[PDB]
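The structure appears below as structure tokens.
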There are 2 protein chains.
Amino acid sequence: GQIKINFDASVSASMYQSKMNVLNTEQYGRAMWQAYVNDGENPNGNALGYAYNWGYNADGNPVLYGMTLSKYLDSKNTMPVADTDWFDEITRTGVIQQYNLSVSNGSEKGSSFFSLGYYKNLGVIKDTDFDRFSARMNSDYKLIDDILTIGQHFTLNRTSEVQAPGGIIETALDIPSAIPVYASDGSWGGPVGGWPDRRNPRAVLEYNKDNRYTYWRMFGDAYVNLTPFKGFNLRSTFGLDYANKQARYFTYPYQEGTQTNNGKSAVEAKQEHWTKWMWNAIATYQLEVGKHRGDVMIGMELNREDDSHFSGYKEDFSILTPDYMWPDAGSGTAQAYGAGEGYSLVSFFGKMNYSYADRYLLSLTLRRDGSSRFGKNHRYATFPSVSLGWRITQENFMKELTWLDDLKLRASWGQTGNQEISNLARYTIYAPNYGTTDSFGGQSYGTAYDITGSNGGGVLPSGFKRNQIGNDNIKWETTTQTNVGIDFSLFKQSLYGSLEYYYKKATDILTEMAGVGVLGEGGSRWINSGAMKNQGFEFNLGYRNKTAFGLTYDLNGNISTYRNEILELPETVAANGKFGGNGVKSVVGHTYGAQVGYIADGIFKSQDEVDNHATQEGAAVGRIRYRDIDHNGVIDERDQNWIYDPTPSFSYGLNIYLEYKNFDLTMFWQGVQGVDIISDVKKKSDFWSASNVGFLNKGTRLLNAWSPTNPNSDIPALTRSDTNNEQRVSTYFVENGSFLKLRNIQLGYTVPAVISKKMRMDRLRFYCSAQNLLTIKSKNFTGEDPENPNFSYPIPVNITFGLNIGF
Amino acid sequence: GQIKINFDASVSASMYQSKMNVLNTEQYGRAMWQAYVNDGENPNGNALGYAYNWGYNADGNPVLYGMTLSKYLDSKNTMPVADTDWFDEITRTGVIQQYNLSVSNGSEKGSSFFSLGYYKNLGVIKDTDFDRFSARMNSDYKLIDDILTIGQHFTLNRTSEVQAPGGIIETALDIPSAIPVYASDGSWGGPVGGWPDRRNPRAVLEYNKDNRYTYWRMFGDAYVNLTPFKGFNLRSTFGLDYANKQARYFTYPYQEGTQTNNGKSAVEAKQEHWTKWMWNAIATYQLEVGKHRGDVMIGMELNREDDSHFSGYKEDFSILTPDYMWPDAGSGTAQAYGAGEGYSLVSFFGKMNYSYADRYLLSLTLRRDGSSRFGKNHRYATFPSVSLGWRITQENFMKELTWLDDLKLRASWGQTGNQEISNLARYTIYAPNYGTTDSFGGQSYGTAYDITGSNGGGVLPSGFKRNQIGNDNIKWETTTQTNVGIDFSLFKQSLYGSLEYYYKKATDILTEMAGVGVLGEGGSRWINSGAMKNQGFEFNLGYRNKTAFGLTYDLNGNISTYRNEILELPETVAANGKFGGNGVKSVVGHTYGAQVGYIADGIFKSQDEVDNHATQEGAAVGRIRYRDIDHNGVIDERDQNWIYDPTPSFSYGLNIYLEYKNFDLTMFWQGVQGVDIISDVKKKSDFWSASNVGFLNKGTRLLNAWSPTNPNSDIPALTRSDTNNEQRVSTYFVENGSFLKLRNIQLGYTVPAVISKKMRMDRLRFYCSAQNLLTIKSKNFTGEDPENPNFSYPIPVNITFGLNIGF
Ligand SMILES: [Mg+2]
Ligand SMILES: [Mg+2]
């Protein structure tokens, strides 16, 4: 019988703390010089306009005395030489702001709830942004007071956003610092001459800045609940989730140095729809007879989702503005795209709960799930569970232990299914694919051909191509799971804890698996392939207690270990290497994702060390010496072994909570100890040449590369050629990825009601919080963030200020 | 403090009662014969396969003895001769079904409402249908009990429909009965040879049957209401109306006799969006001092609507099914379409109500409206009103008249604005229009041209074309309105009535007005053009009374008259004829839509009657004699006068309501007396040749056309040529369109609560209703429905059965 009102608001800041340091224009000039003289080549013959003052020292070893650079990169003086920091140029402080206002009404014969919210992100990446209006409104109505009840939930979201382009950050670390942001006039800068065929990342963002989608989503449900006698309940629910995304993606002409669009201009008007509806019926019966308590429940749930998308594309526009650029206004050619897919799910289920004397618990569970992603012959799968419970401390013989409030012992066994696969997983798919979609450097795989020799100017004849081969025998991936647990609490709920042991084993694992080469186009197949096992230990422990000095602490920890192992694999998949082993060793009996590769044994420091080692092709002074695993006297494809295991030795987490003088302080720490990580980062930071495209910007670790002048370094000598195949899977790319970081720290003041209800307001609280602030890494880790070792940039820190006023 | 529940359900039937009777295969054969011999032509030389046995009578006049027809229409025997009734073939009984379930909850501190509804129409036209799911959910919350209130309304509709093709019915009355529905095998029938180039209407529906749109609409509003002291109120409202329509329109190959697609196949995936948001603030203050009562109110309202549509079109599909036919799967050419438009409205307003002694009322009103459809120089317009009231019977001197409960006298004066015009009304619009949209028989008006002589096979150069000429001086259409009223009630509310008099005059009327020919492409202009006046009389009268014999009657009538007149018109518009006068006389001083034309003076019955009449070109025996209005001795373009006025002499309406033994009977009658109507219907019913396309099916009135054998008939002699220009605007097409019809009759039983609350249900009512059942027309009207004289088909009757159970 109340009416309650909450209002929450906050503003957040997001700032990139660090990044992979990449070479500046002089360091880039120094590095290329070193890679030149390391190869006995005239460094003054470079294609990039650097002029080097150098010579030989007293021991006859290249030393760089000085270097000059043109004012402009090109003879025509349209592009000036720069020292651009591209990462700082395309990033900025993100700012987030949220406001939520809620109201609820409690009444004898019903209830109703209402929320309005707003959320605006100006992303850390320039020319991006995001906003979400939201409204939720729910209610219930007690007819036939307490035997027939009707209700509803509903929410409604409008979202609009300009997403960044994929890989925008990495391409900013890739483009050299000599290229300026702006040309000699005010146009967008770019590469001239031999500089990399990579466009201006800032200019790419500006050209992206108008590509904004508008996303509308509603989802709710309506239900009736019939209670015909004391313990019985019939409930039916109908659900609906309809969203639609709309956007225009604008293509504008560009011509920035050698980069060019010709004069292309186009617009694509994209539309997407997703409608998902759900229905269930459920019958539950509870009953209590002195000691015995029992609950039964049966149900059913039909699910459907229908998807569809489609677009219109058209080229050539007189006026390069969003106002002008609609398909009606284009004068060049047009393409029309679009398709749809869908899936349906039937679900039958039941449960049975029983408890003798709040001392012995037992629960049973049974579920048939059916899914249109399989043929009739595997459409349904049935999954049971048994869960068992013994509350020791309730037992009579446990009377004597007063320092033990609870000691529960649970043991479970259950199966669940995996079904997340393509909606066409089971089909051999032939698509017409005439060749109307963009694609890079070729690779249309179009079926249209000028069979007459016309040279075009019309509809070509065309046909069909294969996208995948079907599977008449594709079935559910089944996971059988077993865990036994011991949770407890001692003293007077001051020392709570739990010790669990789980053993999950997956069977008939589902993967889209590619095909063999000679089978050719569209050989990919959706298959059930082998079995995995994952068993481990979890052990959470807590300590909560006040100090009677004004302080409450509540310290909650968690440490876990797990080991993982593949058990069976079709012979073809094991040599393929999908699950690990890199195509040289089968990963059966090893952990999922473990890798075989060469072992990097340092750097040859003398020619004698080259001759004194098994013969290997690129072996030379300054190169990486790779180990002769089998001792045959040559380094070839067999000189590989297991060199990477993703299994951490353990993973932990500790949560500190303090209340004192109405202040409150919270810290969330999470750690991972003794874990291999594997990365390509080092191919950009440690090599001038470990890359298919030349003259890209590289990391700053290069300037400590190996040299006669610099003889005791892990980093191989700079070179313009990867003759030694140092891009080979090797321990050079495996690093100690152990870490410990503060996910969140947060301090808040709760305003005492003596002063807050001043304002006819119950609660009023201010909080300040910070995410991803601190990280402690291994010394021999050389990346940015060990938890995400593939990235050359970290997660940005967030500072937030907020209030939770509450009437 | 309640909880209330209504449930309404009904099923309706819709059946076309009558239609313009069109010729059957023999009547069509008879008619063409008559038109042949009437022209002294060998009727056996027709191009349609009829063979006629005929000759001359005793007086030497053609008489048809018999006629035969092939078994098949074509020499190759693929199309059999038929007597198809096409109207019966493409129509059926429509059935409608609605179900609505509502629940509301009233509580001290708030309220909430919830409705679910369903509506399914299988239309009277085959291969059409329509359905609407709907959910409404509203609620309010009394914070700061009765000074600060928060609320919300929201509704949500999903609609899906296959619309009929435009003019499907008329084309079924147009295609001759000799063409069969099915070919000799099971394919779709069509015309062969000389038969009209019109496709099979049934086959058109089947090809349309999969073109289904899916329409989602939500609209609601959220408001806060602040009442700071006793009479004051601040209210703000935010509103939102977002709908989106989605569809695929399928083009399938056809080849039915001479009708052909070649082998065309295509799909168009169309998308539309309409988002409309609204915001207002309003401040109201009420105050009462003994006799004086006064109310003031000020406010503001911003409005915006943004629209956008776009599609993708693609030709050529291997599999002619909706499952297959998405743009991705097409192999032919593609087109991309789409655009957007929008408008915004600002609105400032105020009102002032005052009443002395519930004897004298006065209200004032002021509103500035601004609209982005005008330039800054006419953006806003200001509108006032004065309304005045005197309650006579409350006056002291009116004490003596007991047979007079009320006698109110009201008098008003106010202005409102018209603003419904194109969003680009004020612009000179150049569109690129390359020529990518379908168009009939040419008329692309594309700007693309093969300027090089290539003959195509590429993007052509192209340009811009004009759609309309702008108007720097376009302004609001203003309507000044004045009405004085006298409403009353006598005895003891048994004889209620009202007598009103209104005088609305519009100024600066807005029309898209075309341009002169020599100005050419895109000469259409949005202009303010002249003034109109519309003044009339309304007089409603009622009589309600029970009988004390178990019967209540409540009889409510209405009779109205109006006369309309144009006052000023730019000289160019008056000779144009947009508002009337057919380009021969100015309609100034006449009613809107009145027409000048020739006067049809019967039918020449002898050559002497032809010579004895002013010389007119097509004059011959059996033709229409047209009057020599000016007596110059020739019939030419001056022999015209005013021959049509749409003003009815009056229009009435009577409503009967009866309650008796819990039954209830309702009849709604509406009439229009003494009114001209004007129609083209007669060109299909009365002429073999009053049409640009030959050999179409015609009405059955032809078989009473004029002939020597049939000399006393209004209908001119059948002929293959309209030499006499009987398609000229003439009194032949003007008819007495007076009518009286029963809009609705309805009978219902209300179940007495003695038996209904049996079921814990308050009210339970059954009703049966019928729409458009009866119509009484003028004898000298020859169409189907005088109220809609352009159509050759009536409005179908609806029988409905329904219940209104109410807990
Ligand atoms: Mg070896
Ligand atoms: Mg004349």
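Ligands are numbered from 1 in the order shown, chains are lettered A, B, ... in the order of the structure tokens, and residues start at 1 in each chain.
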
(Q) Tell me as a ChimeraX atom specification which residues belonging to chain A come within 8 Å of chain B, counting only C-alpha atoms. (A) /A:3,103,105,107,109-110,112,139,141,143,269,271,310-314,326-339,431-434,456-459,462

Preceding selection exported with N, CA and C atoms as a short mmCIF file (atom, residue, chain, number, x, y, z; two decimals), in the first residue's frame:
```cif
data_model
loop_
_atom_site.label_atom_id
_atom_site.label_comp_id
_atom_site.auth_asym_id
_atom_site.auth_seq_id
_atom_site.Cartn_x
_atom_site.Cartn_y
_atom_site.Cartn_z
N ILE A 3 3.66 4.23 -2.26
CA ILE A 3 4.09 4.82 -3.53
C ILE A 3 5.54 5.28 -3.41
N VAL A 103 8.95 5.18 -10.81
CA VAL A 103 7.88 5.31 -9.83
C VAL A 103 7.06 4.03 -9.81
N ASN A 105 3.67 1.90 -7.62
CA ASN A 105 2.46 2.10 -6.84
C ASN A 105 1.94 0.75 -6.37
N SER A 107 -0.99 -1.28 -4.30
CA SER A 107 -2.37 -1.13 -3.89
C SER A 107 -2.96 -2.50 -3.63
N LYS A 109 -5.47 -4.19 -4.60
CA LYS A 109 -5.98 -5.01 -5.69
C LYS A 109 -5.12 -4.96 -6.94
N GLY A 110 -3.92 -4.38 -6.88
CA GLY A 110 -3.04 -4.37 -8.03
C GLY A 110 -1.84 -3.48 -7.79
N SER A 112 1.50 -1.18 -10.21
CA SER A 112 1.94 -0.66 -11.50
C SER A 112 3.26 0.07 -11.33
N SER A 139 2.47 -3.77 -14.99
CA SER A 139 1.34 -3.73 -14.05
C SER A 139 0.69 -5.10 -13.89
N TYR A 141 -3.10 -7.06 -11.97
CA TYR A 141 -4.49 -6.82 -11.57
C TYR A 141 -5.05 -8.06 -10.92
N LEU A 143 -7.91 -9.84 -10.13
CA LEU A 143 -9.31 -10.24 -10.21
C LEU A 143 -9.57 -11.38 -9.22
N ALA A 269 20.96 2.50 -48.08
CA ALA A 269 19.87 2.62 -47.13
C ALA A 269 19.54 1.22 -46.64
N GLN A 271 17.96 -1.64 -43.95
CA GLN A 271 16.88 -1.93 -43.01
C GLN A 271 17.02 -3.35 -42.46
N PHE A 310 17.32 -5.95 -45.71
CA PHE A 310 17.33 -5.56 -47.12
C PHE A 310 17.80 -4.12 -47.24
N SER A 311 18.40 -3.77 -48.38
CA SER A 311 18.91 -2.42 -48.57
C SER A 311 18.79 -1.99 -50.03
N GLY A 312 19.04 -0.70 -50.24
CA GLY A 312 19.19 -0.12 -51.55
C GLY A 312 20.47 0.70 -51.63
N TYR A 313 21.25 0.44 -52.67
CA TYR A 313 22.52 1.10 -52.92
C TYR A 313 22.44 1.84 -54.25
N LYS A 314 23.02 3.04 -54.32
CA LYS A 314 23.06 3.77 -55.57
C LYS A 314 24.24 4.71 -55.56
N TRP A 326 19.83 10.63 -51.18
CA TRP A 326 18.90 9.51 -51.11
C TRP A 326 18.89 8.76 -52.43
N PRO A 327 18.54 7.47 -52.42
CA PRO A 327 18.55 6.71 -53.68
C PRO A 327 17.81 7.39 -54.84
N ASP A 328 16.72 8.11 -54.57
CA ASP A 328 16.00 8.78 -55.65
C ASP A 328 16.91 9.72 -56.43
N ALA A 329 17.86 10.36 -55.75
CA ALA A 329 18.71 11.41 -56.28
C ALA A 329 19.99 10.91 -56.96
N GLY A 330 20.28 9.62 -56.92
CA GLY A 330 21.50 9.13 -57.51
C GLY A 330 21.35 8.97 -59.01
N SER A 331 22.48 9.11 -59.71
CA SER A 331 22.52 9.00 -61.17
C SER A 331 23.31 7.82 -61.70
N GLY A 332 24.16 7.19 -60.88
CA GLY A 332 24.90 6.01 -61.28
C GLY A 332 24.09 4.74 -61.09
N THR A 333 24.81 3.61 -61.04
CA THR A 333 24.16 2.31 -60.98
C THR A 333 23.68 2.01 -59.56
N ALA A 334 22.82 1.00 -59.48
CA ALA A 334 22.16 0.60 -58.26
C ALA A 334 22.35 -0.88 -58.03
N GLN A 335 22.34 -1.27 -56.75
CA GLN A 335 22.27 -2.66 -56.34
C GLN A 335 21.19 -2.78 -55.28
N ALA A 336 20.54 -3.94 -55.24
CA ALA A 336 19.53 -4.23 -54.24
C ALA A 336 19.91 -5.50 -53.50
N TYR A 337 19.96 -5.43 -52.17
CA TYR A 337 20.34 -6.55 -51.33
C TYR A 337 19.21 -6.92 -50.38
N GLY A 338 19.33 -8.09 -49.75
CA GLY A 338 18.39 -8.53 -48.74
C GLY A 338 18.02 -10.00 -48.66
N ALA A 339 17.68 -10.44 -47.45
CA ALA A 339 17.37 -11.85 -47.19
C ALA A 339 16.63 -11.94 -45.86
N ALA A 431 23.83 -20.57 -53.51
CA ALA A 431 23.41 -19.19 -53.62
C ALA A 431 23.63 -18.67 -55.04
N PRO A 432 22.77 -17.78 -55.53
CA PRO A 432 22.97 -17.26 -56.89
C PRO A 432 24.21 -16.38 -57.02
N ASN A 433 24.51 -15.57 -56.00
CA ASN A 433 25.69 -14.71 -55.94
C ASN A 433 26.23 -14.25 -57.31
N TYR A 434 25.44 -13.42 -58.01
CA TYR A 434 25.83 -12.86 -59.30
C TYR A 434 27.12 -12.06 -59.18
N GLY A 456 30.34 -6.79 -71.89
CA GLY A 456 29.43 -6.34 -70.85
C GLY A 456 28.29 -5.51 -71.41
N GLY A 457 27.99 -4.41 -70.74
CA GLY A 457 26.87 -3.57 -71.14
C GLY A 457 25.53 -4.27 -71.15
N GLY A 458 25.26 -5.09 -70.15
CA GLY A 458 23.96 -5.73 -70.04
C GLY A 458 23.99 -6.69 -68.88
N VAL A 459 22.86 -7.34 -68.67
CA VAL A 459 22.82 -8.46 -67.74
C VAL A 459 23.65 -9.60 -68.32
N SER A 462 24.39 -16.04 -65.59
CA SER A 462 24.95 -16.27 -64.26
C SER A 462 24.48 -17.63 -63.76
#
```

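Based on only C-alpha atoms and all ligand atoms, the protein and nucleic acid residues found within 12 Å of ligand 1 are, by chain and then by number, residues 598, 599, 613, 614, 615, 616, 626, 627, 628, 629, 630, 631, 632, 633, 634, 635, 636, 637, 638, 639, 640 and 641 of chain A.
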
Pull C-alpha atoms from the residues just selected and write them as a PDB file, in the first residue's frame.
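Below is the file part_23.pdb, written as the result:
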```pdb
ATOM      1  CA  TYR A 598      59.037 -24.018 -32.665  1.00  0.00           C
ATOM      2  CA  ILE A 599      61.115 -23.105 -29.634  1.00  0.00           C
ATOM      3  CA  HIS A 613      73.769 -25.107 -34.753  1.00  0.00           C
ATOM      4  CA  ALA A 614      71.551 -27.458 -36.726  1.00  0.00           C
ATOM      5  CA  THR A 615      71.355 -26.150 -40.271  1.00  0.00           C
ATOM      6  CA  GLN A 616      68.402 -23.788 -40.674  1.00  0.00           C
ATOM      7  CA  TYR A 626      65.351 -22.239 -33.190  1.00  0.00           C
ATOM      8  CA  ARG A 627      65.818 -25.490 -31.334  1.00  0.00           C
ATOM      9  CA  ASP A 628      66.525 -28.907 -32.859  1.00  0.00           C
ATOM     10  CA  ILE A 629      63.856 -30.756 -30.868  1.00  0.00           C
ATOM     11  CA  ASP A 630      64.649 -34.201 -32.339  1.00  0.00           C
ATOM     12  CA  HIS A 631      68.438 -33.806 -32.740  1.00  0.00           C
ATOM     13  CA  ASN A 632      68.622 -34.731 -36.455  1.00  0.00           C
ATOM     14  CA  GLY A 633      70.952 -31.805 -37.238  1.00  0.00           C
ATOM     15  CA  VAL A 634      68.428 -29.779 -39.237  1.00  0.00           C
ATOM     16  CA  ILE A 635      65.660 -27.385 -38.263  1.00  0.00           C
ATOM     17  CA  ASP A 636      62.516 -28.268 -40.229  1.00  0.00           C
ATOM     18  CA  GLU A 637      58.785 -28.767 -39.608  1.00  0.00           C
ATOM     19  CA  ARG A 638      59.262 -31.572 -37.063  1.00  0.00           C
ATOM     20  CA  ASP A 639      61.297 -29.332 -34.709  1.00  0.00           C
ATOM     21  CA  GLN A 640      58.081 -28.352 -32.922  1.00  0.00           C
ATOM     22  CA  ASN A 641      56.477 -29.229 -29.576  1.00  0.00           C
TER      23      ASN A 641
END
```

Q: Tell me which of B:657, B:732, B:223, B:592 sits closest to residue 551 in chain B, counting only C-alpha atoms.
A: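 The answer is B:657, which sits nearest to residue 551 in chain B.
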
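Here CA of residue 390 in chain B stands at a distance of 10.9 Å from CA of residue 406 in chain B.
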
(Q) Residues of range 599-683 of chain B classed as strand (DSSP E) by DSSP on the backbone are to be reported as an MDAnalysis selection string. (A) chainID B and resid 600:603 624:626 641:644 650:660 663:673 676:678

Would you save the residues from that selection as an mmCIF file, in the first residue's frame, using C-alpha atoms?
```
data_model
loop_
_atom_site.group_PDB
_atom_site.id
_atom_site.type_symbol
_atom_site.label_atom_id
_atom_site.label_comp_id
_atom_site.auth_asym_id
_atom_site.auth_seq_id
_atom_site.Cartn_x
_atom_site.Cartn_y
_atom_site.Cartn_z
ATOM 1 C CA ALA B 600 -28.911 17.442 -74.076
ATOM 2 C CA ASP B 601 -32.311 17.953 -75.734
ATOM 3 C CA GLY B 602 -33.151 14.352 -76.584
ATOM 4 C CA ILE B 603 -32.521 12.281 -79.679
ATOM 5 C CA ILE B 624 -28.162 13.380 -79.199
ATOM 6 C CA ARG B 625 -29.610 16.768 -80.110
ATOM 7 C CA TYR B 626 -27.775 19.521 -78.184
ATOM 8 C CA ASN B 641 -24.552 27.048 -69.603
ATOM 9 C CA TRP B 642 -24.664 26.114 -65.923
ATOM 10 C CA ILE B 643 -26.030 22.547 -65.724
ATOM 11 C CA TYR B 644 -24.763 21.138 -62.412
ATOM 12 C CA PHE B 650 -31.363 20.094 -47.653
ATOM 13 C CA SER B 651 -29.939 17.107 -45.751
ATOM 14 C CA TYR B 652 -31.600 15.315 -42.846
ATOM 15 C CA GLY B 653 -31.116 12.557 -40.279
ATOM 16 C CA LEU B 654 -33.398 10.788 -37.791
ATOM 17 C CA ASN B 655 -32.440 8.394 -34.982
ATOM 18 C CA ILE B 656 -34.945 6.043 -33.322
ATOM 19 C CA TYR B 657 -34.153 4.407 -29.978
ATOM 20 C CA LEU B 658 -36.490 1.990 -28.144
ATOM 21 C CA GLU B 659 -36.176 0.030 -24.882
ATOM 22 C CA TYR B 660 -38.789 -2.567 -24.013
ATOM 23 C CA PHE B 663 -34.704 -5.432 -25.590
ATOM 24 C CA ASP B 664 -33.483 -2.352 -27.418
ATOM 25 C CA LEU B 665 -33.956 -1.301 -31.040
ATOM 26 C CA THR B 666 -32.004 1.401 -32.880
ATOM 27 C CA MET B 667 -32.419 2.863 -36.375
ATOM 28 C CA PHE B 668 -30.249 5.583 -37.924
ATOM 29 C CA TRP B 669 -31.646 7.213 -41.076
ATOM 30 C CA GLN B 670 -29.834 9.868 -43.114
ATOM 31 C CA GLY B 671 -31.138 11.640 -46.195
ATOM 32 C CA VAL B 672 -30.233 14.167 -48.879
ATOM 33 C CA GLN B 673 -33.027 15.771 -50.953
ATOM 34 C CA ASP B 676 -27.657 17.136 -58.733
ATOM 35 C CA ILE B 677 -25.095 14.436 -59.278
ATOM 36 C CA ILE B 678 -22.747 14.108 -62.234
#
```

Q: State, in Å with one decimal place, the distance from CA of residue 623 in chain A to CA of residue 704 in chain A.
A: 14.3 Å

Q.
What parts of range 684-758 of chain A does DSSP call helix (DSSP H, G or I)? I'd like the answer as a PyMOL selection string.
A. chain A and resi 684-685+700-704+731-733+753-758

Q.
Which residues are near residue 71 in chain A? Cut-off 9 Å, only C-alpha atoms, ignore same chain within fewer than 6 positions. Put them as a VMD selection string.
A. chain A and resid 77 79 to 82

**Q.** Surrounding residues of range 235-241 of chain B excluding itself and chain neighbours under 3 positions, 12 Å, only C-alpha atoms, as a ChimeraX atom specification
**A.** /A:116,133,135,156,158 /B:147-157,216-228,232,244,273-285,297-307

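Taking CA of residue 446 in chain A and CA of residue 465 in chain A as the two end points, the separation is 8.0 Å.
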
Q) Any idea what's packed within 8 Å of range 527-532 of chain B, counting only C-alpha atoms, ignoring anything in its chain fewer than 2 positions away? Could you give it as a ChimeraX atom specification? A) /B:471,474-477,505-513,525,534,564-570,573
